[PDB]
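First up is the structure itself, then whatever we jot down about it.
Every residue, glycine as well, gets a Cβ built from its backbone with ideal geometry; the counts of neighbours run over all protein chains shown. Computed from the coordinates by the stated procedures, all read-outs in this text should not be read as laboratory data.
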Amino acid sequence: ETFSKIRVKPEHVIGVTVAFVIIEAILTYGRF
Amino acid sequence: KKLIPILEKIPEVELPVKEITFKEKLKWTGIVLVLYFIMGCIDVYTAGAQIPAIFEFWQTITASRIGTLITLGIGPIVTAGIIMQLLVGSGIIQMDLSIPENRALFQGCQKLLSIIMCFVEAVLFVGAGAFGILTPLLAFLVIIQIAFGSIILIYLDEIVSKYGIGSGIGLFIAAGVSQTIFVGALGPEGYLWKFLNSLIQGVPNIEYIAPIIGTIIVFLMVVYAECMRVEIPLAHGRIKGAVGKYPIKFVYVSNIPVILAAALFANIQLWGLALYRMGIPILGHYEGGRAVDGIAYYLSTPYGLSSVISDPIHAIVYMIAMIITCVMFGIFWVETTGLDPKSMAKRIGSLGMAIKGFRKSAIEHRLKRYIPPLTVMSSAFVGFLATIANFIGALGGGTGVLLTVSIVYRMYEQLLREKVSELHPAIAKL
Amino acid sequence: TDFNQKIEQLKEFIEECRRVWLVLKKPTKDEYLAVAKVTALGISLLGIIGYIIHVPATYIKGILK
RNA sequence: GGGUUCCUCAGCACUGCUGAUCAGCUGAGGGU
RNA sequence: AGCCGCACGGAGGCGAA
RNA sequence: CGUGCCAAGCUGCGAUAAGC
């Protein structure tokens, strides 16, 4: 298995990704 | 002792021993698939709306897309895996995985490196002049986003890998190529139209429909090859019969392998241009974007639209070059990772019941003997095919199409082994 | 010298590949078809989605560039 | 005279003056 | 308009020729 | 004594062998 002392539930990575999208999706576009 | 400290700091994915319904593995996969497109589309935050064309060579294999939140794509992950297979391959760092140690060592380790290669590539990309404006400030910002997007994939892969079907990478690649096709041929600046319109305009352009053909031909070819196989195994004969062979290596053996060969070249054309407009011409003299001389030149796949005859020698080398790397990867993957002994035998024999006898010794020997054809060939061949698949040249990628088609079928199988395992809650190993 | 040897040998192994080969299964209009059908299917399936996302998301990047 | 009891692999409900992972036992292959 | 003996398995096949 | 995809018994059949 994995020696990853930390456990991360997928629901997070998904939501964290919805994060990158929103941030840059607006950080870039929607100028001004 | 090992890099266990930071290694234990690198997050992972919570694998539930609960009930993960087929319907859920499916629905999961799909969510990954889409987040993929979203990023692959979104542009990276960068005022310099002006970018120097594109690297028509890295995308495919790296199934990503330059200029987007995934401009680096699977590229790192592949790079990483490439090194590992290189070290743990040429014995340089001999390891007998058997024990959950070496196994989880080889892995965990590689994973880390993937994040290392995640940033490296990022920097290398911008440093290769993938965007044009090297505003130390803006440059930094970009790299951030870039490698971080690729990170998301590394974790999205993990998700699919433990919450859905097939594989992230495998998926991802097929995801890209498929799209690259449906869009290139039918999308906005779609080719089918540019051709169709060119017909209406009254000036039939054979160059607009061409690439579309290239893809059919490849697909048709690549599939045939993806068919090749052996045969039972018992006789039936045709018939049956009972017992239970019995396989016969083929193409998908050297899958991950060729993915690495092509990916190697990916990191050369990148690493050469990079270490070109940022140093001395170690690998080759690019100019014009790609390379027009040097190791780089001799190792640049010819595809795109139409096959290039105007350089025979160039062809020859590449081909042979690709073959070597292919075989190398195939070997470093069997040292390795190819039909073992333990599990093999352990399971084998079964079909317990009159129909009527069984098997035993001698069989293993015979198999092993008439099995040394794959590995070497499987790849040597594939690599050939893949390469020639590029001379011909096609939409989405002559070599990429080979992987996709395969990945897609190995993905169909996955969907079946599942549609069934969703009945008898036990035979999760037959 | 050794070069001669290895050359002599590969010729041998390769010949060993013979007795092994002479098998490959050409595809039958039936099978071949069915297959190539699923392949292209999944291909377009993975292509469309990328379209649905790409194309438009570029109509934007473009009308606001 | 017996007739596969020979060899191999897998087994232990039967047979074995107790037990058995063993077997002239049970099952499948092979062997002159 | 089903069938492949008693014999209801597995695989495969036959039947509007 | 054979004969069935796998076939030990029964039935059928006979190297055209549960059949032509």
*State all residues of region C:24-57 that are more than 7 Å from chain B (Cβ to nearest Cβ) and either farther than 22 Å from B:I407 by Cβ or in a loop (DSSP other than H, G, I, E, B) (or both); if no residue qualifies, say none.*
C:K26, C:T28, C:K29, C:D30, C:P56
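Being polar (S, T, N, Q) and over 29 Å from B:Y45 (Cβ atoms) narrows it down to one of B:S150, B:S161, B:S178, so name that one.
B:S161
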*All but one of (1) surrounded by fewer than 16 Cβ atoms within 10 Å (Cβ to Cβ); (2) β-branched (V, I, T); (3) more than 16 Å from RNA strand D (Cβ to nearest atom) hold for B:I355; which doesn't?*
(3)
*Is it the case that B:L234 is under 30 Å from A:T17 (Cβ atoms), hydrophobic (A, V, I, L, M, F, W, C), free of Cβ contacts under 8 Å to residues at least 40 places away in the same chain and not in a helix (DSSP H, G or I)?*
no
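Please count how many residues of region B:218-264 are within 16 Å of RNA strand E (Cβ to nearest atom) and more than 22 Å from the chain's Cα centre (by Cα). Spell out how you get there, then give the answer.
The initial filter retains those residues of region B:218-264 that are within 16 Å of RNA strand E (Cβ to nearest atom), namely B:229, B:231-246.
Okay, now just the ones that are also more than 22 Å from the chain's Cα centre (by Cα), so B:231-246.
So the count comes out to 16.
Being within 16 Å of RNA strand E (Cβ to nearest atom) and not acidic (D, E) narrows it down to one residue among B:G398, B:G352, B:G383, B:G393; which is it? Even if it seems obvious, please write down each step before you answer.
Details: B:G398 fails: within 16 Å of RNA strand E (Cβ to nearest atom); B:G383 fails: within 16 Å of RNA strand E (Cβ to nearest atom); B:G393 fails: within 16 Å of RNA strand E (Cβ to nearest atom).
Being within 16 Å of RNA strand E (Cβ to nearest atom) and not acidic (D, E) holds for just one of B:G398, B:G352, B:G383, B:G393, which is B:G352.
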*asked:* Residue pairs, Cβ under 7 Å, 6 or more apart or interchain, first in region B:258-282 and without any contact (Cβ under 8 Å) to a residue 40 or more places away in the chain, second among the aliphatic types (A, V, I, L, M) and crowded, with 24+ Cβ neighbours inside 10 Å. List them.
replied: B:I268/B:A296; B:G272/B:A291; B:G272/B:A296
*Between residues in region B:116-130 that are surrounded by fewer than 23 Cβ atoms within 10 Å (Cβ to Cβ) and residues that are outside any helix (DSSP H, G or I), which pairs lie under 6 Å by C-beta distance while being six or more apart or on different chains?*
B:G127/B:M278; B:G129/B:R277
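Any idea which of B:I181, B:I159 is within 14 Å of chain C (Cβ to nearest Cβ), crowded, with 23+ Cβ neighbours inside 10 Å and in a helix (DSSP H, G or I)?
Working: B:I159 fails: within 14 Å of chain C (Cβ to nearest Cβ).
The match here is B:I181.
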*asked:* Of everything in region B:29-49, what is more than 7 Å from chain A (Cβ to nearest Cβ), assigned to a helix (DSSP H, G or I) and surrounded by fewer than 20 Cβ atoms within 10 Å (Cβ to Cβ)? Give them in sequence order.
replied: B:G30, B:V34
*For chain A, name all the residues that are outside any loop (DSSP other than H, G, I, E, B) and more than 7 Å from chain B (Cβ to nearest Cβ).*
A:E11, A:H12, A:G15, A:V16, A:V18, A:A19, A:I22, A:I23, A:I26
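Here's the yes/no breakdown for (1) away from chain C (no Cβ under 14 Å); (2) within 16 Å of RNA strand D (Cβ to nearest atom):
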{"site": "B:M228", "(1), (2)": "no, no"}
{"site": "B:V243", "(1), (2)": "yes, yes"}
{"site": "B:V253", "(1), (2)": "yes, no"}
{"site": "B:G272", "(1), (2)": "yes, no"}
{"site": "B:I280", "(1), (2)": "yes, no"}
{"site": "B:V292", "(1), (2)": "yes, no"}
{"site": "B:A296", "(1), (2)": "yes, no"}
*Regarding B:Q85, is this residue outside any loop (DSSP other than H, G, I, E, B), touching a residue at least 24 places away in the same chain (Cβ under 8 Å) and not aliphatic (A, V, I, L, M)?*
yes
*asked:* Condition check: exposed (fewer than 10 other Cβ atoms within 10 Å of the Cβ), at negative phi and at the interface with chain B (Cβ under 10 Å from one of its Cβ atoms). Does C:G62 satisfy that?
replied: yes
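Return yes or no: is B:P233 surrounded by fewer than 18 Cβ atoms within 10 Å (Cβ to Cβ), within 16 Å of RNA strand F (Cβ to nearest atom) and within 14 Å of another protein chain (Cβ to nearest Cβ)? Working first, answer last.
On the way: surrounded by fewer than 18 Cβ atoms within 10 Å (Cβ to Cβ): yes; within 16 Å of RNA strand F (Cβ to nearest atom): yes; within 14 Å of another protein chain (Cβ to nearest Cβ): yes.
Answer is yes for this residue.
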